[PDB]
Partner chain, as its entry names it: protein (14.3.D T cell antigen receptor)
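Have a look below at one chain only, the form solved without the partner chain, in structure tokens format.
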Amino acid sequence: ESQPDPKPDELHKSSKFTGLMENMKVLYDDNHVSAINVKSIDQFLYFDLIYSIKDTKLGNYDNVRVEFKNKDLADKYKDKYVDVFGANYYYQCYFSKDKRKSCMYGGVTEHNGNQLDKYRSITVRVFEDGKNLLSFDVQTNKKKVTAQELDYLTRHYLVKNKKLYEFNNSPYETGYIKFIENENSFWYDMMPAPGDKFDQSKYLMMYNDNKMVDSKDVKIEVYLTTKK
């Protein structure tokens, strides 16, 4: 079966969030993690893997701590060359117990055996108040891609083109992204929980299942509702 669509009042209302939408915007803006063919260099917790990635900024490397929902996932990818992609956070990010040290969840896929000679296009149908007035595609060269990478790619587009997230707030009241693949479907709430503060780590933690979808069979739909 599939996951049931958002019940009424289930989705977070951006107007119920009184902090700065900026703290959410920063999760889907230009900044994020994208590393190709890297292998964990260290580990803090049993369920995380630490990587050293080349920084496009300047001749230098960054540190990214990747946390999974369990140790088995970490054990599976340690010692493996993987591609890492995801929304990272710095604020409460620790590597033991800095613009170059960040933390994230999941976003890991084995490199060898998962590459595609060419790029695949995944369509995104955006519904604003129930009407599909905008449709764009995202591309990937990974046979198995994490929902997180596709989620980021989609939201990043909506941020740069539809102002999904703005410094102060959002032009949309609620919003969720739904991934459809064969007999399964699931969605994430795109808006921050109610309150005056937004916990980026807690929010991004939803990606720690390292959930993946087949790039050739996945379909994406984003449902946004504007503010009256």
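Residue numbers count along the first chain shown, from 1.
Not on display, but discussed next: the form deposited with the partner chain bound.
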Notebook entry, point to check: Taking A35, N37 and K39 as a possible spot, do all three reach the partner chain in the bound PDB entry with a heavy atom inside 4.5 Å?
Noted result: no
Next item on the list: Verify the contact flag for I177: yes if a non-hydrogen atom of it lies within 4.5 Å of a non-hydrogen atom of the partner chain in the bound PDB entry, no if not.
Entry: no
Note to self: Against the partner chain in the bound PDB entry, would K54 count as a contact residue? Criterion: heavy atoms within 4.5 Å.
What the structure shows: no
Margin query: Check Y81 for me: does it contact the partner chain in the bound PDB entry (non-hydrogen atoms, 4.5 angstroms)?
Written below: no
Notebook entry, point to check: With the partner left out of view, is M212 within 4.5 angstroms of the partner chain in the bound PDB entry by any non-hydrogen atom?
Noted result: no
Margin query: For a quick check, can you give me the residues of 203 to 221 that have a heavy atom within 4.5 Å of the partner chain in the bound PDB entry?
Written below: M205, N208
